[PDB]
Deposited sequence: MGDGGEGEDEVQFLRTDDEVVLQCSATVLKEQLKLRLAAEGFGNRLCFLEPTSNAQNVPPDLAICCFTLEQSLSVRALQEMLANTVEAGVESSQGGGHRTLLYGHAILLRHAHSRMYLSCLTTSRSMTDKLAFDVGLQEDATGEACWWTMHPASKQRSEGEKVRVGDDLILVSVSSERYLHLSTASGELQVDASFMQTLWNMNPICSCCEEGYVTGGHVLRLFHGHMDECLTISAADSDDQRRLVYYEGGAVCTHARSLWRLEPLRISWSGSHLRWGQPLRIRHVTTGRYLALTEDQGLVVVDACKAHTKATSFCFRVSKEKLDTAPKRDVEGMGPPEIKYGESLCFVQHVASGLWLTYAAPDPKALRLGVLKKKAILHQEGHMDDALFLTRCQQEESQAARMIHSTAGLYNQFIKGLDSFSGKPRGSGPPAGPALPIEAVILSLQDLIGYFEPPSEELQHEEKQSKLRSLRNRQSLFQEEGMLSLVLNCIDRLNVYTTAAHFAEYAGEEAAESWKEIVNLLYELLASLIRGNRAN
């Protein structure tokens, strides 16, 4: 019941907006947006949890922290200690950004990404083991300022006002090769794996299939397992335990619907009853802990039946591309098995998701005024995303060793392939076609603000550069 280093946590605070109590998790995307914001869940629907998870890298005494800055395993957190929080997706560190604001930082160097933990009452004192459930205050080592909730909109910053934070645990040490919540994986049949159709399909990407060939290597076949409760969501998964199954790139949720049936659904419409599935050992008729709990489901070695909780219907096929359905009896061979996605692929599918949504928002903004002359564009965000993606696809230096280059090239081609198979080229291309409708920046300003026009030439050059980087090699 104590926080150890290498544990995964989310930072929660509490607020009562519109006469309603809500728990707010610190969140940031990283790529395209360094600034942190608060992912709110009230009591009603699944949240964007992936970008909330932080990892306790280190917990240091101020003497030991001072030595590390001056110079070039699962420790317990003690009050008074300084910590380093690594963003699970972005891989960047939670830090105090100058001009002071709170967001993600590339480098762990300096004191900007370090935070001291202090007791929130007389119940705890310095040198005491930090306990799960405790309220805390966090102090920026760089600016001696409080991690603090701000208020129409609800923001995060670093002011001299105090805010009480919970470090709600997600996960801790697990049994090797066991399925935990929040894991990104593939569900395998018989080869065939569960997926939605490729980008730009007549599907609208709403339908679910069993499909073989090369999908087993594509982003569209990846899913995130999400248990209903936010606390200890990264714990061992158990047979019969309710969970939501999220498509990573689409951000939609496997669901049962009254009219459509088994489909994928918008997060906003992910009602618990429609969205709740569980793994069954068998098709027979048929107490929550606060820890990792017992290890029940093994990657690859475990054959699982998938059931919809509310209706008891089995995930089966209609009957190499096959339509996945929910059925009362299903088939003798409905048993799937699970394989864990590795991190690079996992990270990439999320970047795709963030990037798709951002550029679509940008495109939707452009159509808003195409015909009309005389909803602000995400100029700052689009620019940053572009530059990040350029650096993400940047090819290895010729100075690097040949042996390492081959490996770095194969990774690059693989990253590139994933974005490609998800319709990223068409996406970049459409931004360019829309923008090129305008002959000059001045022409652009006629339909968009002159303020936006100041970055018009920059966005296009960056878009082109991305295009080259997606294709190159």
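Trainee: What are the missing stretches of the deposited sequence, listed from start to end?
Mentor: Model skips 1 to 11, 55 to 56, 86 to 96, 124 to 132, 185 to 186, 226 to 227, 324 to 328, 362 to 371, 427 to 433, 533 to 536 of the deposited chain.
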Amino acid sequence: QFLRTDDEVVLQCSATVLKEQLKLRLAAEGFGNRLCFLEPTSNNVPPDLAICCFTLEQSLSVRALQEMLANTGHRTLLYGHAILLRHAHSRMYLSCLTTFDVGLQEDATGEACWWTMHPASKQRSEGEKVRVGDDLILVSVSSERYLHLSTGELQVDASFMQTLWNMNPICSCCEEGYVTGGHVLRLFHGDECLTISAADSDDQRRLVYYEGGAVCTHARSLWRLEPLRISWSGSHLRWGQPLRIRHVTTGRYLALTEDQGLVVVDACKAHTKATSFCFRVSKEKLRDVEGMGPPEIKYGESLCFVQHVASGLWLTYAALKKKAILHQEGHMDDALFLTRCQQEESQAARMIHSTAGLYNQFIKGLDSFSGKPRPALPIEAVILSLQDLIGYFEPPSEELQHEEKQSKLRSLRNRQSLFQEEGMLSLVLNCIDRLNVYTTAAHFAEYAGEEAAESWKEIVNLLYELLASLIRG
From here on, numbers count along this sequence of modelled residues.
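Trainee: Which of the two stretches, 120 to 128 or 202 to 210, shows the higher mean Cα temperature factor in the record?
Mentor: Looking at the recorded C-alpha B-factors, 120 to 128 comes out higher on average.
Trainee: In the PDB record, does 251 to 259 or 399 to 407 carry the higher mean Cα temperature factor?
Mentor: Between 399 to 407 and 251 to 259, it is 399 to 407 that shows the higher mean C-alpha B-factor.
Trainee: Specify which of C52, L427, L418, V62 carries the largest Cα B factor in the deposited PDB entry.
Mentor: The record points to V62.
Trainee: Choose from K322, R75, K283, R220 the residue with the greatest Cα B-factor as stated in the PDB record.
Mentor: Highest C-alpha B-factor among the listed residues goes to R75.
Trainee: Ordered by C-alpha B-factor within the chain, which third holds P46? Give me lowest, middle or highest, please.
Mentor: Its C-alpha B-factor belongs to the highest third of this chain's values.
Trainee: If you rank every modelled residue in this chain by C-alpha B factor, which third holds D266: lowest, middle or highest?
Mentor: Middle third of the chain for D266's C-alpha B-factor.
Trainee: Sort the modelled residues of this chain by their C-alpha B factor and say whether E422 lands in the lowest, middle or highest third.
Mentor: Lowest third of the chain for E422's C-alpha B-factor.
Trainee: Within this chain's modelled residues, let me know which third the CA B factor of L84 belongs to: lowest, middle or highest.
Mentor: Middle third by C-alpha B-factor.
Trainee: Please say which third, lowest, middle or highest, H148 falls into when its CA temperature factor is compared across its chain.
Mentor: Its C-alpha B-factor, which the entry lists for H148, ranks in the middle third among residues of this chain.
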